[PDB]
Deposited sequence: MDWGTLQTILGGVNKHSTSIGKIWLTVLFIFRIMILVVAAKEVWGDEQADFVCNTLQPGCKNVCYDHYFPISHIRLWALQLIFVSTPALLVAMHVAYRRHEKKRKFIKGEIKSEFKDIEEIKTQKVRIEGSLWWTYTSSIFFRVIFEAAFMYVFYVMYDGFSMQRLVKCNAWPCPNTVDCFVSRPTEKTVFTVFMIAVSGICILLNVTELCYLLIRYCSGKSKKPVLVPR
């Protein structure tokens, strides 16, 4: 599958963009996915009120980090895989394939940028906190809850953000490398 999608790309596009992509999948799969294994099993709150743990966890983690990265990988992997099927049919029966290529890299720079924005606005930066204060119903006045493995989750969050930020620059520079060609 990788060999099929590796073709039809420029020097940076054929090599650097596709090694960074497979780089993120390995980090997500073999290492990170079991850091978040017990995100709720080890959430601890200092209270006796039933149901306070369920609402406090759900209020502070509306969607887990590893499932934002899983969604992001799918969205940026689809425009490239869709090009391979689309052009083959059009050839099975310059400007034509030029449009279907400059547009594909235009979607990837959007999906990467959009997902990075969601991380910042939803989680208030890129560092996770040891202690969260929660006051949603049915919890009494204010409750202290403690996160599981805050330090190890920061390391992978920073690592994933930096790699995605590089992929934006690689996509941008290939556009300019192609734009000045006219």
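Practice task
Return the ranges of the deposited sequence not covered by C-alpha coordinates, sorted by sequence position.
Solution key: Gaps vs deposited seq, in order: 1-8, 102-128, 218-230.
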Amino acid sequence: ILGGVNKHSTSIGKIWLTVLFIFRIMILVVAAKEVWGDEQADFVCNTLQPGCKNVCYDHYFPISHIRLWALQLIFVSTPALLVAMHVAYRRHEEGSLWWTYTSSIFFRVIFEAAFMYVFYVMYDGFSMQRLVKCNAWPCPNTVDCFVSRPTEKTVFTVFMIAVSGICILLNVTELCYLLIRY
From here on, numbers count along this sequence of modelled residues.
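Practice task
Please establish whether a third or more of the other compared PDB entries omit coordinates for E94.
Solution key: No, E94 has coordinates in all the other entries compared.
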